[PDB]
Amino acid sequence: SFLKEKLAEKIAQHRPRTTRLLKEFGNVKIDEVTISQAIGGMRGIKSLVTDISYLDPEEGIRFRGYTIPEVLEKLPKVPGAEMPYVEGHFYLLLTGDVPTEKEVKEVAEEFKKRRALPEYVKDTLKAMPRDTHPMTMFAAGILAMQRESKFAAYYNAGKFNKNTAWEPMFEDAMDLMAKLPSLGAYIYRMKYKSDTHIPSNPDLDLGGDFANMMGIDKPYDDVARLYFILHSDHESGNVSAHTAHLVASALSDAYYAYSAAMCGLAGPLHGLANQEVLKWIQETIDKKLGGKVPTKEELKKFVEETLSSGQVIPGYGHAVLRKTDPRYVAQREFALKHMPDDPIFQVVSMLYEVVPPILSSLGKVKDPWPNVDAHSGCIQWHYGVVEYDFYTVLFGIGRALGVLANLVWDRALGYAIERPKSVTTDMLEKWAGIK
């Protein structure tokens, strides 16, 4: 494929840079580690390398150098629709290049060929109790398809070569990425839509076919394209991306690695904030504002009561972001266009205005600004995706774009097994000078 050959070129150009940094500049110091950071989840330690995306604390995420407005502007659009082909964003994350129309169509055609779900995946999800959480089903579906791993068969056949290993990793990434939306849709239908299924439309792109198979009309196709692109990557240090990277570093294939990643994304501190924001807004509308859209005044003081009574505003704050999330901003622009009169959006909008000034005053949250999770839920809810637990599956579909691109590159550049060193509490006490 043109995509694979393009990627081979980019790998040939990049490898010497990595070789040189190790050969000449291996010992250059880039950060330090404190007791606080070792105890506190490696917080802020610059210990990972990725080029897929980079999270700037001030500017937010850049994908392959580009801002979100730039990505949405430059990527080829689906005919008849507002948003880019998700396939085109995948091309960008893999290669660093904005694809031409011709180049995106080739990826879209390849995804059409690879998007069918193995029957045994459906068998497996049916054998799992139907009351199983959708993220458990999602991770299990990915894991079961490890049977098809080209990377694993390559390794098991004795063919491993450090120069060529990215190639079967790429094939697995294409196979998995093409299928994840269908897997998600299957779970949505089987759990929440009476277990009736809408067949894949082989003429639709990834995002369009996802909306089709979910059973949701235009413009949910664009909602999904946007959602997936925004959630595509957030560098490699987030729990889900890091988990994939870590697992793959032991030369586990992408099915093992991405299944593991979804186990991390399932975590309340990683994949739940969207639904927790939305629930909190819906409860606020109902209990604190008598079921009605409030004034800027009424909400301004509602916020202060929640804060001064010792509780968080959900969807505000972040481990790394220190300014407004540009992913949040893109969601906002979509909502302003398509659902300006939606009651829940109106509260989201007003929260944007009133909450940052207030959080800044108290000066206690290092990021007194919204992240995407403040915005995503009102859009999903508007279009009738009311099934909160499933929101994380949407995230998992999206995040695979960047993570699978990252795994291809980890193998391209021969990144070594991730294996830091542990220390005991005694050892920390020794270093601290405690007796």
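The first residue of the shown sequence is 1; numbering continues from there.
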item: Mean C-alpha B-factor comparison - 220-228 and 284-292, higher one; value: 284-292
item: 330-338 versus 309-317 - which carries the larger mean C-alpha B factor in the record; value: 309-317
item: Criterion, highest CA B-factor; candidates, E171, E353, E148, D205; value: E353
item: Per the PDB entry, maximal CA B factor within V277, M177, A153, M83; value: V277
item: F63 by Cα B-factor - lowest, middle or highest third of the modelled chain; value: middle
item: B-factor third for the C-alpha atom of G96 within its chain; value: middle
item: Among modelled residues of the same chain, the CA temperature factor third for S236; value: middle
item: Ranked against its chain, the third holding the CA B-factor of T392; value: lowest
item: Position of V121 among the chain's modelled residues by C-alpha B-factor, lowest, middle or highest third; value: lowest
